[PDB]
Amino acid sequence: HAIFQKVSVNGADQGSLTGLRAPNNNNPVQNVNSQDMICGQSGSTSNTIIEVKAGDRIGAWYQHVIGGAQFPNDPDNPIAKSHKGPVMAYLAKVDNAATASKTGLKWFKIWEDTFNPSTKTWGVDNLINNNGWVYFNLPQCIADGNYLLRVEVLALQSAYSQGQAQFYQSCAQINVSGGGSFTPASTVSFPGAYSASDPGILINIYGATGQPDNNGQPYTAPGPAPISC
C-alpha cells in the first residue's frame, strides 16, 4: 500500500502531487483489465505540466499515504517490506498532458528495476532503501512535447493466486525539450499489456526458508522491454 505522489527533476523537488494524476487512496489495483491500471484509481489531478529535458534524471516518490507516513515510525512507509516486486516506468505521447484523456494511449517502457537474484534485491527493496524514491533517466532520444509518465509498483507477496498481484500506479504530466527523433517500434495499451497468467504476475516468489527471494531465480517483468535510443 503506497502512492506515487511527487516528482523530482535532477534532484529538484516539484512539490507534493504537482503534475500528478494520482489515486486518493493507497489500495492496489488487482484487475489488470481495469481502466484503473493506466494511472491508478481516479483521484487527484493537476493543471501543472512539469518541464523536463530529454536525458534528465527523474525521481518518483512513493509513500504509504498522501503526505508520507500514516503515523510515527510507520513500518509500511514508504511501502511495506513484504511488498517485493519490480518498479516500471512508461511514457505515452499526448498533445496536452493536462487535458488528454488517459484512455487508449500508446505506451512504451523506458526503465525498470526488477530483481537481482545474486543480491536478492527487488526494485521495491531499492525503493525502500532510497526512502520511497525510484530514479531513472528519460531517454535522450525522445521527441519534444507533452507526455504522460506512468510509474508502477507491482507487489507480489500474494501473487501466487490468480488476480492477486497488486499494482500501485500514478501518472505525471511532463513536457520534454532538448529531445531527439525517436519513435517506438511498438507500443502497448493499458489496460491490455498485462495478462493475469504472465510469469511476472502469477508467480510464487517464496523460496525454501519462506523468504521472498524468488528461489534465487531470475524474474521476468510483464510488458514490453525498455526501449533503447
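Note that residue numbering begins at 1 and tracks the sequence as displayed.
For the two regions 136-144 and 112-120, the entry's Cα B-factors average higher over 136-144.
Averaged over their C-alpha atoms, the temperature factors of 81-89 and 98-106 are higher for 98-106.
Sorting 29, 188, 54, 60 by the CA temperature factor given in the entry leaves 54 at the top. In the PDB entry, a CA B factor belonging to the highest third of its chain's modelled residues is recorded for residue 208. Ranked by C-alpha B-factor against the other modelled residues of its chain, residue 129 falls in the lowest third. In the deposited entry, the Cα temperature factor of residue 227 sits in the top third of values across the chain's modelled residues. Residue 167: CA B factor in the lowest third of modelled residues in this chain (values from the PDB entry).
For residue 217, the recorded CA B-factor ranks within the middle third of the chain. Only modelled residues enter the ranking.
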